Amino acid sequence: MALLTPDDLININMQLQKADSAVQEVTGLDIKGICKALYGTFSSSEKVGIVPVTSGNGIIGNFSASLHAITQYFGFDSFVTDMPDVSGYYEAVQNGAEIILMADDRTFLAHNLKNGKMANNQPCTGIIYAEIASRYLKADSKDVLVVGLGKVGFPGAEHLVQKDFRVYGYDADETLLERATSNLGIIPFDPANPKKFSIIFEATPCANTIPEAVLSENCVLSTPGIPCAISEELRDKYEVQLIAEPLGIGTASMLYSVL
């Protein structure tokens, strides 16, 4: 239901440069490094076919151009097919793609035809954004607050629990908070009894989901969420270190995961 617009993807190369610097500042690693920690993998110029898809709301302005940019940035031999849909898929396989990258309104996937691995953008994004959050060099705690427990949030929290962090979760939807607590063992967080975190992961499609009362100074807020989870004011007031970028960090996570 929450979908990228062309405006979100303006100057994707700067957005990506900027997010990569923030990731380096927070964790000591660039995005490649994070991906190598998660998956053990690295790029070797694998050939990536990017197929536009016209189903649902259709082709999104700047979407495949941005994927072309992203993939090039990380050292893949990528290209965008002239035809969309099934015809484009055929064009890609025939033009030697080893990994297919394509999306409809519900699923963005990467499929590596050589080894059979396939990634879904939603867990891949939650996993990398959570990993990045957790690796905050100067956090001084293994307490992590996770706001948003849907298709992106839940796998991030799960990753974090598997990584032996002490995870506190909140979702405005009590059903999703309940499922996360009874399937993962996270501690349910209460906005009425807040404590401060130096590590925060947000995966929501809503503004101002991070209360002032949970922010410590210099804390990290890692969020795939659109629009921004915290106001500029609160972000300046606590010099929060923001990692937020619309497509490329999740895309890298999908790609490095199928290698």
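Just so we're on the same page, rigid core means the largest C-alpha set that superposes within 1.5 Å between forms. Residue numbers run from 1 along the displayed sequence.
- Where the structures in 9 other deposited structures of this protein are fitted on the rigid core, 6-14 is the one of 247-255 and 6-14 whose C-alphas sit farther from the shown form on average.
- Each structure in 9 other deposited structures of this protein is fitted to the shown form on the rigid core, and of 62-70 and 199-207 the C-alphas lie farther away on average for 62-70.
- For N57, the record comparison shows coordinates absent in at least a third of the other entries of this protein that model its neighbours.
- Per the PDB record, of the two stretches 55-63 and 223-231, 223-231 carries the greater mean B-factor over its C-alpha atoms.
- Note on 43-51 vs 187-195: mean CA B-factor is higher in 187-195.
- Taking only the listed residues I100, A103, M118, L176, the entry reports the highest CA temperature factor at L176.
- Across the residues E131, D140, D77, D85, the deposited record lists the maximum Cα B factor for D140.
- In the PDB entry, a CA B factor belonging to the middle third of its chain's modelled residues is recorded for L149.
- For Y136, the recorded CA B-factor ranks within the middle third of the chain. Only modelled residues enter the ranking.
- When the modelled residues of the chain are ordered by C-alpha B-factor, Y89 sits in the lowest third.
- When all modelled residues of the chain are sorted by CA temperature factor, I249 is found within the lowest third.
- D164: CA B factor lies in the middle third for its chain, per the PDB record.
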